[PDB]
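# Observations on the model geometry
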There are 2 protein chains.
Amino acid sequence: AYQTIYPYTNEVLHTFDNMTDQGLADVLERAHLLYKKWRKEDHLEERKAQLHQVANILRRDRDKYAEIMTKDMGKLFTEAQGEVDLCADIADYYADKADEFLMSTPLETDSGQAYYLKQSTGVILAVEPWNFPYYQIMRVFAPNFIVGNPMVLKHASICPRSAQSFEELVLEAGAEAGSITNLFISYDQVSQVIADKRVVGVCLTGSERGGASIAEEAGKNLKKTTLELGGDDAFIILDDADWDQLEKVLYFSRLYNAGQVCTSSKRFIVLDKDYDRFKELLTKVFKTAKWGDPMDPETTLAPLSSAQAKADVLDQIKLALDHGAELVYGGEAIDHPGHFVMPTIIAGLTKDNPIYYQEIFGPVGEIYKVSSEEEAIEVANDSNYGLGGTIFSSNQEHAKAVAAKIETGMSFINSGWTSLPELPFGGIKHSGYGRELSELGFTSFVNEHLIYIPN
Amino acid sequence: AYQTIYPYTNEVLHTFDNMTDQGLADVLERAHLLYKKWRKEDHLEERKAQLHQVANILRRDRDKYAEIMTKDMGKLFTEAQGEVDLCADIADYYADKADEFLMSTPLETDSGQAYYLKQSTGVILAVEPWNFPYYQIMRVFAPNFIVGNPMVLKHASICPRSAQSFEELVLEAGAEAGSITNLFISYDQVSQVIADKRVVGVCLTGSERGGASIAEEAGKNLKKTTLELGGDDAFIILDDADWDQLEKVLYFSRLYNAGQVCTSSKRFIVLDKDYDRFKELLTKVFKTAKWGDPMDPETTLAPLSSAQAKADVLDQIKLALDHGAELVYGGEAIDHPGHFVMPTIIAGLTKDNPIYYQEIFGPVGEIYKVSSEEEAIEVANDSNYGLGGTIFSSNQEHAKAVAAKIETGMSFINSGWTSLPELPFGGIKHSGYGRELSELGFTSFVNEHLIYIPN
């Protein structure tokens, strides 16, 4: 069921064939041997060069990879170009930090001398989503490639060209076959891969449904995992928030990638005094959305990645309204072949409303009204999610104080989400566990090998 | 059923009542509320003091807690005193490193100000084994207590007195009720606990069967886990090994805690040149064993923890022989009420013999003969386990170079296994994943909360 179906026109561009049991078997043995090869010999310097090379090609053919993502899951070409740029950076980052992150860590003891090596463990299985085709892969491929963990990837069924093309990208960079292999497999084959003794760990970014499913199979086979699940991020606006600056980030905060971002600012928490003012501003901002062809430079709102996604976001809005939510803006159906959903804003949300605790992976602004910081922090923590979130206050000492009181994995001050090579990314609760990127992400599947020498 | 049956006499000394469903419900709610209290307001100093107090009491009543373990799982009283000493240590270590370890981490980035907080996450379920009643508990309790994660313990059924007394110990130290609670629950209840939204993680130490079951349930519920399973450590004696030292550590290496140590030196790998020389030495060492009353200072070999335990080891010895292994020494049945198994040595194991790959949790020396150093590394790695291991050589750099080629979590140079609060403990493969102790085990269930302020 792997097809590239352009979200703008809804026309199938390419259909890919599944991988067979034998094919999969061959892929794992190749990967396993490569792991052993990198364990016996020191090919580190080579992988570094190959990783830099990957960055160069991406830079060189940036527009080519960008369009592939647009035609695959229908996001703005300009955004796609941006994703690519972040990828070039994640790649150069680990290729540069390679030696530092891999050197031995000495330990302090009176009993003698001790330290630990950062070694590779084996073949890693990566399960990724469609919202950020290349970023989702590079986020975990770059670190493990440096470490020496061959990788096998099972991407989303709607972005097969990006998954396939990423493998070629790495090969074209001079990487040995098996460094990373894309797998057009079913979920039954995924459980087989996990159950294979040649696979040592699994890193999955996606939905709770799949996360629970994979994590369970992973745990049944004693395999280590890291889950990067969804978010229902709280964008808190304190009394001293800068509104001229606030106006500059709002569009991006909730309409970037049509709202299909795990760290999207799904929940807007605003004070009683600012409630009306905010409704006007969010509305003013949502009105500037120019939807249309995602390849066109002047389009600012892309269509959702699939007909199902659109159906889901709409059902969610409906449900909200059926339970008391107030329709502040949008909600008008769009007439066009594309999987479009116009920006919509809802408020008047209460705890007895199921949407209050649900994540809407679309262009839907949600306004929550509180009477104080205490209440803001309370609403913010009243969630099964804990990925990101934002604190808006001109006083940074103040924003920091509040942020630390939020049960979440990340807090962005006076801005929407941001991802960088050096910054760790992950969350808590139903948003998963484990951190990606930075140095914490580098060691997820590293074997801390202790060498102890007593006196 | 949770019962204390002295392994020496096989007499029932205690019979505890299983925890009721409502009792379980109340415990988790108390733990949840306590977690919230420590998350909303700082009580680190109080916890530090109380942990130091736990150490003080242990120091004071060492012999009382030692006898408890001996009567619970039958270990030598002197070994138990040693255990308590290691607990006192772990406790003080974490109380002393508290501030340092819980310190925020700055992040280098030229795009803005960034750092991450180390925060508590919730209630942790701990499943610990019987081979080290107190040590096993302290390994995870100390770090998590300082962190601020209340804890619920599910200990082995054969050492309920230990499990229960440890909770009392913590309450005596002054720690608020809920810091750690012992649960005399069934495995169905353990499953319920794992499914509870109040529990945020699971750290288990035990068998593969239990681990798979527990990790499977944890995964189905998105709960992070760390597993400390068995081992079959390779004790490699290089060509330049010093036999004076070798002789001094041999008894401890395999007969400490009667061989019931995950890091016991289960697989001795020697060169042809030293094969017969080693068979004599190991035999000489094993002959010095004096089994008897564990409370008696004279005793140098304790009975196993249970009848089933003995039955199992005896079967493994039998199985090895029925498949070709050679009986180098012992194997004779001890006529006595206790669960005694006389020290035994076997050799001539081949890949076609099941025992070649099985871990024996008893006083059974195993000898593997190799013709080269490379073959030694091969046999060492030809294992489904990868916990610890020892490299014996008079050349430090040589020993360190060989260690690095072993696929294991810990390597001990010129010595048997050791465990200090500053040293990370953990392995790879079927030995599990994750680490305990040192700073690494500290952050296992910690929330790295990124705070990001762009320029």
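Thresholds, definitions, all that
- Numbers given to residues start from 1 along each chain, in the order its sequence is written, and need not follow the entry; residues that have no coordinates are not shown.
- Chains carry letters and ligands carry numbers; both start at the beginning, A for chains and 1 for ligands, and go up in the order they are written.
- Side-chain calculation: all heavy atoms of the structure are included, whereas hydrogens and water are not.
- Strands here mean DSSP runs of E at least two residues long; helices mean DSSP runs of H or I at least four residues long; both are numbered from the N terminus.
- Throughout, radius of gyration means the C-alpha value; the globule benchmark is 2.2 Å times the number of residues raised to the power 0.38.
- Type-normalised accessible area, obtained with a 1.4 Å probe on protein chains alone, sets the label of each residue: buried when under 20%, exposed when over 50%, and partly exposed for intermediate values.
- Note on ring pairs: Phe, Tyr and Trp rings are taken, using the six-membered ring of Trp, and paired if centres are within 6.5 Å. Classes follow the plane angle, with under 30 degrees stacked, over 60 edge-to-face and the rest tilted.
- Throughout this description, the term charge over a ring refers to an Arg CZ or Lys NZ atom that lies within 6 Å of the ring centre and within 35 degrees of the ring normal.
- Whenever two N or O atoms come within 3.5 Å, that pair is a polar contact, provided that in protein one can donate a hydrogen and the other can accept it, and provided that, for residues adjacent in sequence, both atoms are side-chain atoms.
- Any two residues whose heavy atoms approach within 4.5 Å at even a single point are treated as in contact.
- Here the copies share a frame obtained from least-squares fitting of C-alpha atoms.
- To get an axis, fit a line to the C-alpha atoms, keeping to the stretch in contact for a helix; angles then go from 0 to 180 degrees between the N-to-C directions.
- With respect to orientation, any angle under 35 degrees is reported as roughly parallel, any angle over 145 as roughly antiparallel, any angle of 65 to 115 as roughly perpendicular, and every other angle as oblique.
- Crossing handedness is read from the near helix: turned anticlockwise from the far helix by less than a right angle, it gives a left-handed crossing, and turned clockwise, a right-handed one.
- What makes a patch is a set of residues exposed beyond 30% relative accessible area and free of salt bridges, joined within 9 Å when like-charged and within 5 Å when nonpolar (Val, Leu, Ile, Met, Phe, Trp, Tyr).
- Surface accessibility in these figures is a Shrake-Rupley result with a 1.4 Å probe; residues are shielded only by whichever protein chains are displayed.
- Any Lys or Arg side-chain nitrogen found within 4 Å of a carboxyl oxygen on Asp or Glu counts as a salt bridge.
- Charge assignment in this entry is limited to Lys and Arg as positive and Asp and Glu as negative, and neither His nor the chain termini are counted.
- Working definition for charges: the position is that of NZ of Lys, CZ of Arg, CG of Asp or CD of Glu.
- When two parts are brought into contact, each loses some accessible area as probed by a 1.4 Å sphere; the total of that loss over both is the buried area.
- Here a helix's expected span is defined as the number of its residues, less one, multiplied by 1.5 Å.
- Nonpolar core, defined: a set of buried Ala, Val, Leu, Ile, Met, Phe, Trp, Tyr and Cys residues in which side-chain atoms within 4.5 Å join the residues together.
- Whether two strands pair comes down to DSSP finding at least two bridges between them.
- As used throughout, domain bounds are those supplied by an automatic or database domain assignment.

### Comments concerning the overall build of chain A
Check the secondary structure of chain A and you find 14 helices and 20 strands. Here the C-alpha atoms of chain A give a radius of gyration of 23 Å, agreeing with the 23 Å that 2.2 N^0.38 yields for 455 residues. With respect to the three principal axes, the spread of C-alpha positions in chain A is 65 × 60 × 40 Å. Looking at the 455 residues of chain A, the share that counts as buried comes to 64%.

### Considerations on the packing of aromatic side chains
In the structure shown here, the tally under the stated rule is 52 aromatic pairs over all chains. With a centroid separation of 5.7 Å and an interplanar angle of 70 degrees, the aromatic rings of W38 of chain A and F145 of chain A are classed as edge-to-face. Of this pair, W38 of chain A sits in helix α1 (residues 21-40) while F145 of chain A sits in helix α5 (residues 133-147), and the two are 107 residues apart along the sequence. Classification of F145 of chain A by relative accessible area gives buried; the value is 1%. Consider the rings of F132 of chain B and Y135 of chain B, whose centres lie 5.6 Å apart with planes at 80 degrees: the pair is edge-to-face. Look at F132 of chain B and you get buried, because its relative accessible area is 5%. Positioned above the aromatic ring of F425 of chain A, the side-chain terminus of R139 of chain A is 4.5 Å from the ring centre.

### Thoughts on the side chain of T205 of chain B
Residue and element names in this part refer to chain B. Relative to the helices and strands, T205 is located in strand β8 (residues 199-205). Polar side-chain contacts of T205 include one of 3.1 Å to the side chain of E128. In this structure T205 touches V127, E128, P129, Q136, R139, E228 and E436, once residues within four positions along its chain are discounted.

### What to know about the relation of the copies chain B and chain A
The relation between the two copies of this chain is a rotation about an axis and a shift parallel to it. Once chain B is rotated about the relating axis by 180 degrees and shifted along it by 0.1 Å, it coincides with chain A to within an RMSD of 0.2 Å. Expressed as an axis order, the relation between the two copies is that of a two-fold axis. Taking the C-alpha atom as reference, chain B places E216 of chain B closest to the rotation axis, 2.4 Å from it.

### Here we look at the packing of helix α2 (residues 44-60) of chain A against α5 of chain A
The relative placement of two packed helices comes down to the angle between their axes together with the axis-to-axis distance. All names here are of chain A. Following both chains from N to C, one finds α2 and α5 inclined at 160 degrees, their axes separated by 9 Å at the closest point. Our classification of the angle between α2 and α5 gives roughly antiparallel. Once α2 is placed against α5, the crossing between them reads as left-handed. Between α2 and α5, the residues in contact are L44, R47, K48, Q50, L51, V54 and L58 and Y134, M138, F141, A142, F145, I146 and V147, respectively.

### Comments concerning a negative patch on the surface
All names here are of chain B. Taken together, the side chains of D272, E374, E375 and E378 make up a negatively charged region of the molecular surface. In terms of residue count, the dominant contributor to the negative patch is helix α12 (residues 373-381) (three residues). Looking at where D272 falls in the secondary structure, it is placed in helix α10 (residues 272-287).

### What about the interface of chain B and chain A?
At the junction of the two partners, chain B supplies 58 residues and chain A supplies 58 residues. Between chain B and chain A lies a buried interface of about 4700 Å² when both sides are counted; carbon and sulfur atoms form 61% of it. When the area that chain B buries against chain A is broken down by residue, the three leading residues are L222, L450 and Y452 of chain B, summing to 14%. Between the two partners, chain B and chain A, sit zero salt bridges. The interface formed by chain B and chain A contains 28 residue pairs in polar contact. Looking at the side of chain B that touches chain A, the elements with two or more residues in it are α1 (21-40), β4 (112-119), α8 (208-220), β9 (224-228), α13 (396-403), β17 (410-413) and β20 (447-454) of chain B.

### What about the pattern of salt bridges?
One pass over the full model with this rule turns up 45 salt bridges over all chains. Close ionic contact of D322 of chain A with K318 of chain A constitutes a salt bridge, the shortest N to O distance being 3.5 Å. In this pair, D322 of chain A and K318 of chain A are both assigned in helix α11 (residues 307-322), four residues apart and thus about one turn of the helix distant. Linking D196 of chain B and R198 of chain B is a salt bridge whose minimum nitrogen-to-oxygen distance equals 2.7 Å. The structure contains a network of salt bridges with shared partners spanning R60, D61, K64 and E172 of chain A.

### Topic: helix α5 (residues 133-147) of chain B
Residues and elements named next belong to chain B. Compared with the 21 Å implied by 1.5 Å per residue over 15 residues, the 22 Å span of α5 between its first and last C-alpha is a close match. Of all the 15 residues making up α5, 15 are buried; the element is thus mostly covered by neighbouring parts of the structure. Positioned one or two residues after α5, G148 has a phi angle of 120 degrees, which is positive.

### A few points about unusual backbone geometry
Not every positive phi belongs to a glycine, and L437 of chain A is a case in point at roughly 75 degrees. Within the secondary structure layout, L437 of chain A lies in the loop between β19 (432-433) and α14 (438-442).

### What to know about the nonpolar core
Core analysis: the largest hydrophobic core is formed by 68 residues, its most contacted members being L51, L58, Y94, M138 and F141 of chain B. The element best represented in this core is helix α4 (residues 77-101) of chain B, accounting for 13 residues. Excluding anything up to four places from it in sequence, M138 of chain B contacts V54, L58, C87, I90, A91, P143 and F166 of chain B. Counting 65 residues, the second largest nonpolar core, distinct from the first, contains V54, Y65, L420 and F445 of chain A.

### Details of the sheet that holds strand β7 (residues 180-182) of chain A
All names here are of chain A. Sheet architecture is open: six strands sit in the order β7-β6-β5-β8-β9-β19, paired in mixed fashion. Two strands in the sheet have a free side with no partner beyond their single neighbour: β7 and β19. Note: strand β9 (residues 224-228) against β19, two bridges, orientation antiparallel. Among the inter-strand pairings, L227 is bridged to a residue of β19, identified as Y433. Most of the contacts of α5 go to strand β6 (residues 151-154), to which it runs at about 170 degrees, and overall it touches β5 (123-127), β6, β7, β8 (199-205) and β9.

### Some remarks on the environment of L450 of chain B
Mapped onto the secondary structure, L450 of chain B falls in strand β20. C-alpha separation for the pair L450 of chain B and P106 of chain B, spaced 344 residues apart in sequence, amounts to 9.7 Å. With residues up to four places along the chain from it excluded, the contact list for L450 of chain B reads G409, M410, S411, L423 and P424 of chain A together with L107, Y115 and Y116 of chain B.

### Description of the packing of α2 of chain A against helix α4 (residues 77-102) of chain A
Residue and element names in this part refer to chain A. At a minimum axis distance of 8 Å, the contact between α2 and α4 shows a crossing angle of 165 degrees. Our classification of the angle between α2 and α4 gives roughly antiparallel. Between α2 and α4 lies a crossing of left-handed hand. Packed against α2, whose contacting residues are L44, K48, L51, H52, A55, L58 and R59, the element α4 presents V84, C87, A88, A91, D92, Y94, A95, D96, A98, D99 and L102 at the interface.

### Overview of the domain arrangement of chain A
Residue and element names in this part refer to chain A. In terms of domain boundaries, chain A breaks down into domain 1 (1-230 + 421-455) and domain 2 (231-420). Put simply, the middle of domain 1 and the middle of domain 2, counted by C-alpha atoms, are 30 Å apart. Residue-level contacts link 36 residues of domain 1 with 38 residues of domain 2. Of the roughly 3100 Å² buried at the junction of domain 1 and domain 2 (both faces included), carbon and sulfur atoms supply 61%.

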